[PDB]
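Take a look at the structure below.
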Amino acid sequence: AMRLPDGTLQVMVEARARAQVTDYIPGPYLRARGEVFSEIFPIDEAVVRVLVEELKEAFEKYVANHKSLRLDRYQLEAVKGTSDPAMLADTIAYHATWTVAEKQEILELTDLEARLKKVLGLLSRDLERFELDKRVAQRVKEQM
Amino acid sequence: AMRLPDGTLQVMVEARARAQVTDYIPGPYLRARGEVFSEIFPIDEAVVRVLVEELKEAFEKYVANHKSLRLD
């Protein structure tokens, strides 16, 4: 927790897992009570690891091709060598850029495989958009 | 077998053999008639073993089709 005199207290936080919020107790400052982590490890972990590997490959392809779309390499370097599949899933989900409603939908999914499938679908959608961007850019340079 | 605290009779069993009911004795409690065992043991075990292997492979393919519908 590093402190600055400019007016912003930038705190370096490394989180653990999501948890549900029962209700809201007003402040300020605000208060809210929760429970234990909602991330759970279900049965059939072979499919879990297969989906983890597939999502890792998909995100590697997504980041590598997205250089014209300004995707950083430190984000790709921070997802290698992970123990918890939830760690890899959330780390990749943060490093991929989309809206906040889809991030909320991902965080709602307590299933270890549902979150992976949703991230895979979002990455596929963004990669299709990227392919469309590449095709239209090729058309633009051809027109030039 | 045992009794659960919520008022349920639990019993762990393995089925022995199928049989045909001849007549129904009035109940409750229900009564059943039949035979002790009427199963058919394997004959020409080559085809039986081939079918067992094929069914094992087909069940592995059945369980391999799940991506968000995980099975034990």
Computed E for A:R135/B:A64 - FRET, C-beta separation, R0 30 angstrom, nearest 0.05: 0.30
How much FRET efficiency would the formula 1/(1 + (r/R0)^6) give for A:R33 and A:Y74, where r is the Cβ-Cβ distance and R0 is 45 Å, rounded to 0.05? 0.80
For B:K56, counting only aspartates and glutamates whose alpha-carbon sits under 13 Å away and dropping same-chain residues fewer than eight positions off, the answer is none
Restricting to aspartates and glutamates and to Cα separations under 13 Å from A:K134, and discarding same-chain partners fewer than 8 apart, the set is A:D126, A:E142
Place a +1 charge on the Cβ of each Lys and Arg in chain A and a -1 charge on the Cβ of each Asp and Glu, then give the dipole magnitude about the Cα centre in debye, rounded to the nearest 20. 600
State, to one decimal in nm, how far the label point of B:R3 lies from the label point of A:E14, with both points 7 Å from Cα in the Cβ direction. 5.6
Could you work out how far apart the two model spin labels at A:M87 and A:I25 are, taking each label as a point 7 Å from the Cα in the direction of the beta carbon, and quote it in nm? 3.3
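Throughout, read-outs are computed from the coordinates displayed, never taken from laboratory work. FYI the Cβ positions are ideal-geometry reconstructions off the backbone, even for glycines, and counts take in every protein chain you see.
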